[PDB]
Amino acid sequence: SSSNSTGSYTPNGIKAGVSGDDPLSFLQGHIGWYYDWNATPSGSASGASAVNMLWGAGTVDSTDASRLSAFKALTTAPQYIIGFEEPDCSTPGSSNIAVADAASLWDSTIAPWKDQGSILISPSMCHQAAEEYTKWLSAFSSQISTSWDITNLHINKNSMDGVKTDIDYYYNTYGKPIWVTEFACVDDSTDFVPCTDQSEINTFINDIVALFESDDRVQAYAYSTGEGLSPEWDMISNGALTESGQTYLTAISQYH
């Protein structure tokens, strides 16, 4: 053996993860990792790694303020840090940060942990592969002094062709391993229309989990439990695991 992160780029050798705390009790034993958009996840699961996150710059609302303040009070080095949630968007549950402000915060507040072994995951673009035209991440990449280890994607698509478009764009541009920190069935061909048909949702979840497992560029992925998606996409409903939640669980259980 030879003479650095404690963590692997695929946490615990399981690509599959989840966003949010309510799902953990249900997915435990079949996921490598989890996060809940807080500085530290409030939930816990044996067998999986907690992933830390800095959601934003701390001014969108009092939750943004609370998360930045918790992140600055960390005294124990994260294994993994996810960067800002959709700083390129201004709509609900997006962090809405100008490039220059985000670069400075990344460098001052996230980057120092790399020295302690933390794996750095980039901010997520809401614009997906249209980041080619909006140029938020590309300008951010130019302005930061400490780069990321792992390129962070949000995939909101309704076909594997669209999923591949996103992975291709980000892999061809940066040549770094990818984490899909949120995916959802959404028709984005025209505007942003979340999928509502359960049968199409099931096919999507089964298809995308197979794609991600087989794609060596994708080192981790997580089902989105974020805001603005269809009720049929909800993983949890009145404390129960929904059909969509069960389709994800069954799909990731074929692997681990």
Side-chain angles (χ1 to χ4, degrees), residues 4-53 55 74 76-82 85 117-119 121 124 149-150 152-155 160 163 167 177-185 198-199 201-227 229-256:
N4 199 20
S5 43
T6 330
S8 163
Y9 277 13
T10 299
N12 299 298
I14 305 171
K15 288 189 186 192
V18 78
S19 65
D21 295 301
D22 286 354
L24 293 177
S25 59
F26 294 95
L27 305 182
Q28 64 178 297
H30 305 276
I31 50 157
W33 64 289
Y34 54 92
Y35 80 113
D36 70 354
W37 299 284
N38 297 318
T40 306
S42 56
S44 56
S46 194
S49 302
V51 170
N52 300 82
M53 177 158 177
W55 185 93
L74 293 174
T76 202
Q79 283 194 105
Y80 307 87
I81 299 161
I82 297 173
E85 183 82 7
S118 300
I119 291 160
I121 297 125
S124 47
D149 300 304
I150 294 172
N152 184 350
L153 274 56
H154 282 184
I155 297 182
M160 294 311 99
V163 177
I167 300 169
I178 283 162
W179 277 22
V180 183
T181 62
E182 293 175 12
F183 69 86
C185 194
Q198 185 63 55
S199 185
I201 285 162
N202 291 337
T203 302
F204 183 86
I205 289 161
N206 285 319
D207 286 349
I208 205 177
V209 165
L211 190 159
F212 289 151
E213 288 296 347
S214 74
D215 193 335
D216 283 2
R217 293 161 307 169
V218 172
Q219 308 275 290
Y221 58 87
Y223 193 105
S224 180
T225 65
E227 276 329 316
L229 302 163
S230 70
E232 296 95 343
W233 188 270
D234 286 344
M235 174 166 273
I236 308 293
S237 181
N238 299 132
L241 195 70
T242 68
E243 177 166 356
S244 297
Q246 294 178 39
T247 297
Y248 183 65
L249 175 54
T250 299
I252 65 173
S253 289
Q254 298 170 287
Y255 298 89
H256 309 274

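This chain uses plain numbering: 1 for the first residue, then up along the sequence. Values below: all heavy atoms of this structure, side chains included; hydrogens, waters and symmetry mates excluded.
Inter-residue side-chain proximity for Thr225 and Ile236 is flagged as unmet; no heavy-atom pair is nearer than 4.5 Å. Between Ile155 and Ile167, the closest side-chain pair of non-hydrogen atoms falls below 4.5 Å.
A donor-acceptor pair is defined here as one N or O able to donate and one able to accept, closer than 3.5 Å; no such pair exists between the side chain of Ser244 and the backbone of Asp234. Looking only at distances, a side-chain donor or acceptor of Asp215 sits under 3.5 Å from a matching main-chain atom of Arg217. When atom types are taken as modelled, the side chain of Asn52 and the backbone of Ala39 share a donor-acceptor pair closer than 3.5 angstrom. Between the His256 side chain and the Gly13 main chain, a donor and an acceptor come within less than 3.5 Å of each other. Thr10 places a side-chain N or O within 3.5 Å of a backbone atom of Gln219 that can act as its donor or acceptor partner. Side-chain atoms of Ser124 never come within 3.5 Å of backbone atoms of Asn152 as a donor-acceptor pair (strictly under, hydrogens ignored). Between the side chain of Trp233 and the main chain of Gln198, no donor-acceptor pair closer than 3.5 Å is present.
In this structure, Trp179 has its ring center no closer than 6.0 Å to that of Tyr9.
Atom CD of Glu85 sits about 7.0 Å away from atom CH2 of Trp55, to the nearest 0.5 Å. Atom CG of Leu27 is separated from atom OG of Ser253 by 8.0 Å, given to the nearest 0.5 angstrom. Between the OH atom of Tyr35 and the OG atom of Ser19 there is a distance of 5.0 Å, given to the nearest 0.5 Å. Once rounded to the nearest 0.5 Å, the distance linking CD1 of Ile119 with CG of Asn4 reads 8.5 Å. Remark: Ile121 CD1 to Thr181 OG1 distance equals 8.5 Å, nearest 0.5 Å. Note: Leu249 CG to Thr242 OG1 = 10.5 Å, rounded to the nearest 0.5 Å.
Among residues two or more places apart in sequence or in another chain, the side-chain hydrogen bond (donor to acceptor under 3.5 Å, both in side chains) test is passed with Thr250 by none. Partners of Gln246 under the side-chain hydrogen bond (donor to acceptor under 3.5 Å, both in side chains) rule, at least two apart in sequence or in another chain, do not exist in this structure.
Of all heavy-atom pairs between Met235 and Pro23, the closest is SD-CB, 3.5 Å. Smallest separation of non-hydrogen atoms from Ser25 and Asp22: OG-O, 4.0 Å. Nearest heavy atom pair, residue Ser224 against residue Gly226, reads OG-N, 3.3 Å.
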Going by atom type alone, with no hydrogens or angles, which donor-acceptor pairs under 3.5 Å involve a side-chain atom of residues 203-213 and a protein atom two or more places apart or on another chain?
residue, atom, partner, partner atom, Å
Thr203, OG1, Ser199, O, 3.2
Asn206, ND2, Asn202, O, 3.2
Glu213, OE2, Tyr221, OH, 2.6

